[PDB]
Amino acid sequence: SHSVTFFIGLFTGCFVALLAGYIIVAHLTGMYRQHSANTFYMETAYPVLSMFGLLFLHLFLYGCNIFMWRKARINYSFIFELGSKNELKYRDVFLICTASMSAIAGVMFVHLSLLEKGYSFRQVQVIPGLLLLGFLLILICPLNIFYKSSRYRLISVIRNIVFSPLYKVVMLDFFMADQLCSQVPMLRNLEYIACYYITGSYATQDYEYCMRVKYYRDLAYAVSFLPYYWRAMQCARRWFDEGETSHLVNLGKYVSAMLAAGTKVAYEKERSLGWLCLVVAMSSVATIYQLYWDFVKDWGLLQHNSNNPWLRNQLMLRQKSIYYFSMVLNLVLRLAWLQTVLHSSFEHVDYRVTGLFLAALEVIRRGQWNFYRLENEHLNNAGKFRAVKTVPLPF
């Protein structure tokens, strides 16, 4: 109502002022760009702010999509089979992303402040891991507190995602399985906060315990490409349930961007020109094989014989130049995707503040992908996830 607009802007300005306070106190206290002797800043506290700054950028873009789907008269509640009974509105989503990230920036500004003065060096290196465990417990908080039946709708989907070929596929565990494919640099910022606090690297402050042995270096990379494995096994399930041959062509899309990741690991052990050809060809095969599926099969555009040139026959936006801007913005932004599915940020140094800017551009590319995907479920039925083409009017 009238008070929700206040608290959205209250936690927005609290988030921004806490970051400008955090950046300035980082700029002048040695820990700006690894100037100080305490080198643990850009490896033990920076993955905690990189994992939460990409998880609440994706949740913010889902709140922007609800605003877009309701103005363009997309019946996204009927398409997602959400129905009724306290719909998550876009003002409710913006309230989550700003109140949570102000709490993360509050504790992370405490942590950057409360170590120069001293204060229990063995115990203060638990407050980054305490912030992640606090939000892990909030997501499984069962009472009635933080949007019950919307947090347990989420874990009911991720249960169907991780156990991928065991469960049937609908358009909610297909939709959320593609949101995980843009969070591949985020899941590498979670296999270090599951190795610094479970293997005793925070007791004597052992710094490079995980990256020193290379049995946790390719295993931090082969387990990084799990969302491309979970989504490829879902296409292997719709080919079992249904009998369309397009699911096998869809299956090859996610395996093509696993072979491109696989050739580079073979290139990093036999560095020469012979593996340099296969790392620029398989990474260019996989790029054109996902740009083909985004424009033709997902968005439903590039129809050869149509009234609108290079688009489909029936359009939903009246300004028909937004489609041409989105077909070029998605083409450019599938190049920051090839620098997250190939090279991580923990293997080479000094490309860490630009390795998060390329990681935050694949989250925005899944922001404009959600709008034209459901638009191709209303003016078409592309996924045949529901069999009647007629969609009723939204409430």
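We did not get these values from a lab; they are worked out from the coordinates using the rules stated. Reconstructed Cβ throughout: ideal geometry from the backbone, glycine too, with neighbour counts over all protein chains shown.
A few notes on this one:
- Cβ pairs under 9 Å, 6+ apart, first in the stretch 185-202 and on the phi > 0 side of the Ramachandran plot, second surrounded by fewer than 21 Cβ atoms within 10 Å (Cβ to Cβ): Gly200/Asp206; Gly200/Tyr209
- Residues (farther than 23 Å from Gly134 by Cβ, in contact (Cβ under 8 Å) with a residue 12 or more places away in the chain and touching a helix residue (DSSP H, G or I) at 6+ places or on another chain (Cβ under 8 Å)) located in the stretch 34-63: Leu61
- Condition check for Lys264: out of contact with any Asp or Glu (no Cβ under 7 Å at 6 or more places or on another chain), not in a helix (DSSP H, G or I) and not acidic (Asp, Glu): no
- Checking each residue in the stretch 117-133 for being surrounded by 13 or more Cβ atoms within 10 Å (Cβ to Cβ) and not aliphatic (A, V, I, L, M) picks out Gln125, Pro128, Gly129.
- Note on the stretch 347-364: residues that are surrounded by 19 or more Cβ atoms within 10 Å (Cβ to Cβ), acidic (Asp, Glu) and part of a loop (DSSP other than H, G, I, E, B) amount to 0.
- Selection status of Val332, without any contact (Cβ under 8 Å) to a residue 12 or more places away in the chain, more than 20 Å from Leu59 (Cα to Cα) and not acidic (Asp, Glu): yes
- Scanning the stretch 70-88 for residues being surrounded by fewer than 15 Cβ atoms within 10 Å (Cβ to Cβ) and either in contact with a helix residue (DSSP H, G or I) (Cβ under 9 Å, 6 or more places away or on another chain) or not in a loop (DSSP other than H, G, I, E, B) (or both) gives a total of 6.
- Scanning the stretch 226-235 finds no residues that are more than 26 Å from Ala360 (Cβ to Cβ) and either among the small types (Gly, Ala, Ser) or surrounded by fewer than 17 Cβ atoms within 10 Å (Cβ to Cβ) (or both).
- Test: residue in the stretch 11-19 that is free of Cβ contacts under 8 Å to residues at least 24 places away in the same chain and either among the aliphatic types (A, V, I, L, M) or touching a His at 6+ places or on another chain (Cβ under 6 Å) (or both): yes
- Filtered by the rule that a residue be touching a residue at least 24 places away in the same chain (Cβ under 8 Å) and assigned to a loop (DSSP other than H, G, I, E, B), the stretch 377-394 gives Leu379, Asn380, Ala382, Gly383, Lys384, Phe385, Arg386, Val391, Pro392, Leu393, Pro394.
- Elements of type helices (runs of 4 or more DSSP H) contained in the stretch 136-232, each with 2 or more residues being closer than 21 Å to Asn86 by Cβ and of a type outside the set (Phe, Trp, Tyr): 152-162
- Residues that are more than 23 Å from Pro185 (Cβ to Cβ) and crowded, with 17+ Cβ neighbours inside 10 Å, drawn from the stretch 240-265: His247, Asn250, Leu251
- The residues of the stretch 313-336 that are under 18 Å from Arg70 (Cα atoms) and aliphatic (A, V, I, L, M), listed by number, are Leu315, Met316, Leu317, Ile322.
- Matching residues in the stretch 317-346 - criterion: being part of a loop (DSSP other than H, G, I, E, B) and touching a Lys or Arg at 6+ places or on another chain (Cβ under 8 Å): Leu333, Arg334, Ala336, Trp337, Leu342, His343, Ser344, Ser345, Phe346
- The residue pairs whose first member lies in the stretch 263-292 and is more than 27 Å from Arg231 (Cα to Cα), whose second member is surrounded by fewer than 14 Cβ atoms within 10 Å (Cβ to Cβ), and whose beta carbons are closer than 7 Å, counting only pairs six or more residues apart or on different chains, are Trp275/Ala266.
- Pairing each residue of the stretch 68-93 that is without any contact (Cβ under 8 Å) to a residue 60 or more places away in the chain and on the phi < 0 side of the Ramachandran plot with any residue that is surrounded by 16 or more Cβ atoms within 10 Å (Cβ to Cβ) and part of a helix (DSSP H, G or I), provided the two are 6+ apart or on different chains, yields C-beta distances under 6 Å for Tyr90/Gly63; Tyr90/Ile66; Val93/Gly63.
- Any hit, the stretch 293-316, residues being surrounded by fewer than 18 Cβ atoms within 10 Å (Cβ to Cβ), in a loop (DSSP other than H, G, I, E, B) and among the basic types (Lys, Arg): no
- Qualifying positions in the stretch 70-112 - under 20 Å from the mean Cα position of the chain (by Cα) and under 25 Å from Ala387 (Cα atoms): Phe80
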